[PDB]
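For reference, the chains in residue letters:
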Amino acid sequence: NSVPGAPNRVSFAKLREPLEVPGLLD
Amino acid sequence: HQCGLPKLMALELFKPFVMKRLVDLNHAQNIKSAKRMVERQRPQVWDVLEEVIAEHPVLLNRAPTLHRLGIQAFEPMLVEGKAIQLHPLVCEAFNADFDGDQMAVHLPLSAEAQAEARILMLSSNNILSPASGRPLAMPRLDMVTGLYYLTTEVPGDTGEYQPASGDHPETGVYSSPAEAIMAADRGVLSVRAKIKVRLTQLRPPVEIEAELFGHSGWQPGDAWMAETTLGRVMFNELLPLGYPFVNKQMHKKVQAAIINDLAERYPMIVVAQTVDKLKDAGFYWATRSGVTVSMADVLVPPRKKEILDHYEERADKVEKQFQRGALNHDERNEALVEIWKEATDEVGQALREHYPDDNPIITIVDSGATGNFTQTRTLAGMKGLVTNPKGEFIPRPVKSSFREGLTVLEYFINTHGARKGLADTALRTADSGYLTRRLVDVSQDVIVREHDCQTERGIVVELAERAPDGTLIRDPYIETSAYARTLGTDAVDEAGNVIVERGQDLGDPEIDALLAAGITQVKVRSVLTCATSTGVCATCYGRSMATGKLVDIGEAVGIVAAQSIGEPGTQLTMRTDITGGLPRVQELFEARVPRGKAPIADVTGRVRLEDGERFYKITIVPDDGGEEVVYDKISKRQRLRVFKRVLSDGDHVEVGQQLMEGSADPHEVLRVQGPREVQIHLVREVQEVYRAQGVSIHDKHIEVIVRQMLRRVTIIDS
Amino acid sequence: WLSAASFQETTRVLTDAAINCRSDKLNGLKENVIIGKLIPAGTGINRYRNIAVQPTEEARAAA
Amino acid sequence: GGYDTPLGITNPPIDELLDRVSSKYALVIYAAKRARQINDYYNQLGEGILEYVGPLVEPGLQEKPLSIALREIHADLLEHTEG
Amino acid sequence: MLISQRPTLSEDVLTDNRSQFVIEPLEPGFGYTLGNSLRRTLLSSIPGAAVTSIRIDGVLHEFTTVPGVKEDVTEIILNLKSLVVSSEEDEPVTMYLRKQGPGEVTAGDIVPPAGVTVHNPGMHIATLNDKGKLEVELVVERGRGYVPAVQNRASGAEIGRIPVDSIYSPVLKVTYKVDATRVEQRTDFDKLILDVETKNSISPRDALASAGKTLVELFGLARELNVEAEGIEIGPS
Amino acid sequence: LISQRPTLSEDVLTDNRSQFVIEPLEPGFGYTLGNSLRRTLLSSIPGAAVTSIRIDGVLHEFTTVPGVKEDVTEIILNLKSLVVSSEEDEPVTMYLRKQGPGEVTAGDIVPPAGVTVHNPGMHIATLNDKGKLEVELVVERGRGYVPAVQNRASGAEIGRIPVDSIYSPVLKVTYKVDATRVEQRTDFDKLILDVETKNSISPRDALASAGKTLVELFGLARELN
Amino acid sequence: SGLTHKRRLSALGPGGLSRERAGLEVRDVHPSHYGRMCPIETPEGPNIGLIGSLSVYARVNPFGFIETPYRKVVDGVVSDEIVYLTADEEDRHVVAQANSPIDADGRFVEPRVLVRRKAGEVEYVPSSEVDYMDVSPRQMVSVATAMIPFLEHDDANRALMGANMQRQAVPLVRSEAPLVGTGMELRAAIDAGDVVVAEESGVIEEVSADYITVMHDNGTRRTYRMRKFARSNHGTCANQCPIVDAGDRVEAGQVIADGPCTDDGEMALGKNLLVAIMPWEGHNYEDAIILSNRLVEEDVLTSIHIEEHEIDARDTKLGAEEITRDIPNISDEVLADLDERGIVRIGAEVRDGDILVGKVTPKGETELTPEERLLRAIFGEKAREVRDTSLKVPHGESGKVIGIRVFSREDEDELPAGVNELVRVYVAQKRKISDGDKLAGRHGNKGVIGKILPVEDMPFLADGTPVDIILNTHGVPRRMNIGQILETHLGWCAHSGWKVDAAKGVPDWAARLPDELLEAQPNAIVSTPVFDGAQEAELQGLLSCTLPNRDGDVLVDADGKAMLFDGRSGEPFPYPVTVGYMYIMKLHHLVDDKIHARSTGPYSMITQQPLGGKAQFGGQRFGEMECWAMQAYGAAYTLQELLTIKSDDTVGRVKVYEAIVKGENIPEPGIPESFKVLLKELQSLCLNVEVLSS
Ligand SMILES: [Mg+2]
Ligand SMILES: [Zn+2]
């Protein structure tokens, strides 16, 4: 999610993420 | 004795030989067109290259060359593809695995250089390690799993020997191993089930041979009945024909003892053919063995929560006692570290009791193939205490196994020790290289020049000190002290008849004869006491550890000694202010005054353990009525020496007695006690570093170095 | 001097080998490597290097 | 000596070659000097007969003079004296 | 298609009943195709005869010792289990051996009926001491392979019987290893090295011929589904 | 001693899969027989495959055709999965022409007399209004896997593109045996072999070709004497 | 590799510490690196600790200090304020852990919370003593480390190796995405920038292999060119492939074309292969690897590598060099692929030694030998006052010529002074996988290929399916990287699919499973994040419920182990073997770059020893430790011949070559030339070194 056409990769994760990953070339 | 050489590398190495042969076979008119044929890779070139490569050895080298078995000569055969194919038995010599390593190939040209590569450094002529004589071209890891699986015996297995009576006979008895192999091809027998075979082409062991057959003479073809498993018969058919039947389960120690016996008693060609047969059978039965890892094989102990709760209460008790103020910060850390060391041991013991004997993890560790049990404990179990960036333990342990998965904070704490280990491995490799360079430079002029200097000097070796109850407990380090040495005096019992006379090699039969006759000490020839003006003689050095016979009269025994000492760097760690690892070896060989220097006594007498202002001062009053000897500035960081109990005031001491606890310096042992007692001190103190890591060097490689430190005298009057 | 100058402290070794006017008999294992002749060990010693090989009398005349 | 037939560079067997000499070093120079004499025989073969003789054993198809020299050592067709 | 080169076959006789065959140059991968099939067919397809069961008189409920002779029951059984014999009629037949007085019992001491021949008459069986008596009835029938001890089918009718394992196979031990020939100008062909050891009932050449015959008809089963289906031709000799 | 001889029968599952049951075998022989048949089926059954192609605008494999969506290496990978059954021993050529918008499938290849294309729905390339694909493909017989025979070896032109050839018409072979093991030692085996092919031959013809190869090879041990 | 070269913090350089003079204390991991530098990803050479990588969430101050974000918690209630704290302010406060339980509004569930105190202390404080919290687990890791699934089951050495080998993988020709991944692969692929991303939403108007033109929502359009078959800085290929159809509606930020190592927009560095974890006949002994021949026939692990060769024709003292077909005396065989200006044709196959650009330089006047003059007088050839110096394909290389780029002085291209023409030729070749090549997985398990077996002698399932790679058992437990085994188990479950039987309620092991992980279709893509992923209870349950193949045949049992057959003998292997799907990738350590050999080639200038390197012909070095091994063996003649007539004896090198070619005995050595150079340097330092006779 949050990327408009991403493939559906179902996650085993249990925790909610409050903060999204930044730009990685900032 | 073979290597696989890629054909595109061989065509470039052997280019003038193939140009000559192309001209000789009239494939080319002259050297110019023959060179063009080789450059453009015509189809005649490969037919010629087989001919010119046949029986011309190459030298293969893997860098860094730590000892001399890092260059070996092999007889090449051409392979397709672009990789060299190394025999799986020479990887321990070269220290090579196949994760991306590279080797160098060199070509000997002249007749002398080809003869040296073929005779001196062929790979099947160098089985034994020149440092201890242990076999290096031995089965390892998969060839150990396969032979251990083949030769283990499983009770209750298929088609076992029943002793049954009352209604039918025994039905486990086979008339030949051919019949047993046919029954195992059907689903009727296991290779690890205990049967009774009738063997005719395998020699019985000594007790069975003595009972059944006469004054001598098993004489192949004479039948005897064995009580063993079929896999043990299949293992013993790979050994030589006259080798007696073993009937044991093949741990790596058992296989190494067998190969040592073969190398002592049989020729070199027999030993090389036998280890190739063991290579083949080990690999086959390793893939038919059933060793895998799944997550259901990594069992977890069912009492781990109970154990860790029981020790969590004790740690909580110590922390609340710190919170009340009863004990300080550092003693609380010491209490916590002892609590969690006990918890780690109890978790490992409960794990070892839980796992069955045929688990793959347990089998790979227990067969001596690879690994140790602390890795099994951290994988299933508990990682335990981990260190700091300094090196001290952290009083919170890692209570998760890697099967469970570490937490975020446990993983971050564990990375400190992991990275410090990797950086220290790099630095240790550089330091071991520097030490080997210095040892080569000091002892390069010790070569064997003679056969016998005929001296009557020697050293006394220790050889099984005597128990008070009355028996001879064998010395634990007697393979590196008294084997492979020439006797210097006739060894008698109660001044009676001689047992081993002067000039004998002191092998296993001689050491057994001496201990049966009850002799605790012998005097052996050594290179410390050699009378030869330049170099050493061959009788004083003794047996070459790599060939098993007396050393030749041109050998560079000092280069061999320097590489034998300096190759077991990189596995010499300090511990888990006394130096203790490779920095300890680099300061015994450089004759420095040590870091934690402890004084030694100067004269026999009684002591004055004066306790000064917060630290000691020791005075010795001699029994000769001479003046007192005073050791003034002694800090109380170092504790007093314990022997049999601590040194107390008003006690009697000997001339070389070490007063405090620490490292005595070698310069004062030489002044006080003499040149013999600094050779005993320096050889024993170097070997204590190596023996703590389980490394075997013979003593004669350290006495080649130590002899070169005591070559000189200092002038006190012109 | 030639094997001590190549060990370490080359400048200090060469500056008092010259003052003492030292001479080097090339006996060692390292000085024979530098100047390019046979090391005095192994097969490079006179016992082994000067082996004289010939056919025996029976095998010479019967072939 | 009971073994399978040695193949390639391990024929003739080394523990039988070393009964003929005093050390591996002596065997190296012994075989090397005889190999040089065989090579000189093959090269001065076009002209008249000179001081170098042999092979005293029957050589193979394209066999190297080191292999011929080691077989003549093993079959006791040579002699040497050390210096 | 057509095969690259025709494979050959060359024996190398080691002892009287032992050989070592080499089949080369096979196509890449046909060493393992040919080798295991040839080995299992040699060890399991050729018929032969063997001793099925014995009855030693005086031994009915104590299978430990025989009154009179030096060996015990398991040593006599292992001696008779390695007796190479060949029979013609497929029915189970019975033989007898009797020897009285002291002396040695060999395998020439048993009189066989018509059709059954004993092939090692010099084989030791028992030693008769102090004027004993040995009377054994052997039962010999035919079969293939190695079949184990079939139990007492008529348990209440034959109470003195002792069933033994039957080695019906005339060939005793086969091994093979496959190697490489000519990887360079031929691209990694194969070479299969069989190693047959038989009894003296047949020779290893006849063992390999009978194995090749039965394998030819066993794969002709699959060949006779579409007889005009293109395989790999091997060419004339 | 059993006198019953082994027989082979067939059960047909789908159009390109069947099962063959061989019984009664000697006890221990089913696995060996089935693996001899399987090792011959997966390696030595002769078929046909595309050997080289030539697209008219292009010169090498590492380029693009104007208008088509896949580049030339991707078209090569799409043509690697084309199942084609030929009949002539010499190399034959078949052509593929498409104009304008649309999807080029493998049913647009027009083959000569002798060769058929066995999956006319395989996707090759996709085109827009400005695209035109024109490619000729060379079909040859053989067996096994042979890699791309280079142009300097064949002396071919610059536009020609050699292509890896996979001639085997067999997809996936397995087996299973059912040993009986009765108490009275009258045991046998029963091998049930499963053969699945890729629409170019039937499994009966694949098994007959494997049986023919094995009969020719084991005649050599038979004709000793 | 590109994204991790940026976000790199190197401690060495002009103005910072050296490598040899750096202590062992600056190479450590400090408790203030939490959230700022990764403890795992660092080089393993002699740079360990002196080069690191930025963590995922870290920022950099105006002053140059690294910050990391925290959630402000007040009165035991974790709010959604994000505060960026540098290491000093973090030392002043007390910071919780991101996986401590939360009562659905922010309030902590447990009474005491595990925290991180001022000096790296980890304690248990009351729940109102806490005043910050991490935003996520995997806050401490970097980008390349957050792509290792099941990282917390691997030891830190093997995780360091896995993260460092992940950026050596080569782009393959097809590039599929992993079955079991973490969630990092999408954002690391969009943020690296080799993917083409739609800048503004629209509808795709026309797609080709060269461009995509989208028409925006207000009239205007925009075309995006693709980079087809472009050489990267390290020789690999940089293809870009569209993944949109011709009427598709795209959104802003949507991936519109793929890249080198991506599949459908997410980073895809390897392939999913079926593995068996047995030993097999010694061919995978000590980290070697056995592969199927299916991976060579079906081009699974095949990659394209491009080389670039350059020549230039500049002005000399005696004239100007020129590029021409009219080269000196070479045959018309070797002038066949050259067009009529002396350059190769595009599409032409080149071998080692073939002419690429035909150049010739003016030579001048020299004195020819009497033998050469007599040969010229016999055959009638002329002097040819120009000397051939062309550009040829170097040793061991081949490929197809795919592109030529020629610059000229007369066409006003900016060339350096003197150069009149510059020609670049691009030679691309497609490399199959062959033994000697190095593969890896994401958990530090590298190894060269030892054998490539045929398909029919490979262990196969009861289906008839061969395995694709065989890995050895003895290399797993002494290295403590059972993340590879748990990845193999999850990969089998993602290949085959599953269905949890929630008939009598959800089973107890699946109580914390997210919904719609309660069933999956075949070839599902799943994601286990780094420190918050699938537990072992969940892997046990998913192994026990998994779908059949085509018949009702569950091939891999509840332990993850299958029954295999031997491909050669045909008999079944006697115990079950662990099988599954591991994601392996092919590393840029191939054999065709590593192999070199030399008989005689270039020599140095002052001392006359061979040059070094594969780029030359280049000799191998025979150093001090090798000399000590030769002296320890006793090999005086081998050592002497290596140190004189194979390096330095300049008049002995030629006689050795002449004696080999004429078939004579190798001659005696002489003085090496390095000793004479030493004597002249000692003499020029005013020392009277002299050699004496007797
Ligand atoms: Mg390595
Ligand atoms: Zn002496």
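Residues numbered from 1 in each chain as written, not as in the entry; some residues may be left out. Chains lettered and ligands numbered in written order. Part of a larger assembly, values for the part shown. Heavy atoms only, no water. Residues with missing side-chain atoms left out of burial classes, pairs and counts.

cryo-EM is the method the PDB entry lists for this structure, together with a resolution of 2.74 Å.

To continue, consider the overall build of chain E. Helix and strand counts for chain E come out as 3 helices and 14 strands. In terms of overall size, chain E is more extended than a compact globule, its C-alpha atoms giving a radius of gyration of 23 Å where 237 residues would be expected to give roughly 18 Å. Intrachain contacts of chain E at a sequence separation of at least 6 include 70% that bridge at least 24 residues. (Helix = DSSP H or I, 4+ residues; strand = E, 2+ residues; numbered from the N terminus. Rg over C-alpha atoms; globule rule 2.2 N^0.38 Å. Contact = heavy atoms within 4.5 Å.)

Overall, parallel pairing links the 3 strands, which are arranged β1(A)-β34(G)-β9(G) in an open sheet. Both edges of this open sheet fall to β1 (10-11) of chain A together with β9 (180-181) of chain G, since each of them pairs with a single strand only. Bridging between β1(A) and strand β34 (residues 526-527) of chain G involves 2 bridges; their strand directions are parallel. Within β34(G), the residue paired with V10(A) across the bridge is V526(G). (Pairing = 2+ DSSP bridges.)

A word on the interface of chain G and chain B. Between chain G and chain B, the residue contacts involve 110 residues of the former and 100 residues of the latter. The element contributing the most residues to the side of chain G that touches chain B is helix α10 (residues 624-633) of chain G, with 9 residues.

Opposite the 23 residues of chain A that make contact, chain G presents 51 residues. Broken down residue by residue, the surface that chain A buries against chain G is led by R9(A), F12(A) and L24(A), which jointly contribute 30%. Along the contact surface separating chain A from chain G lie 4 salt bridges. As a salt-bridge pair, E538(G) and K14(A) come within 3.1 Å of each other at their nearest N and O atoms. Applying the counting rule to chain A against chain G returns 13 residue pairs in polar contact. Of the residues contributing to the side of chain A that touches chain G, the split by class is 14 nonpolar, 4 polar and 5 charged. (Buried area = accessible area lost by both parts, 1.4 Å probe. Salt bridge = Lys/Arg side-chain N within 4 Å of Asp/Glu carboxyl O. Polar contact = N/O pair within 3.5 Å; in protein donor to acceptor, adjacent residues only side chain to side chain. Nonpolar A, V, L, I, M, F, W, Y, C, P; charged D, E, K, R; others polar.)

Before going further, it helps to examine the domain arrangement of chain F. All names here are of chain F. Parsing chain F into structural domains produces domain 1 (1-46 + 168-225) and domain 2 (47-167). Put simply, the middle of domain 1 and the middle of domain 2, counted by C-alpha atoms, are 36 Å apart. Contact with domain 1, which involves 9 residues of that partner, is made by 10 residues of domain 2. For the pair domain 1 and domain 2, the summed buried area comes to about 670 Å², and 51% of that belongs to carbon and sulfur atoms. The three residues of domain 1 that bury the most area against domain 2 are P46, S168 and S200, which together make up 57% of that side's buried surface. For the pair domain 1 and domain 2, the number of links is 0 salt bridges. (Domains from an automatic or database assignment.)

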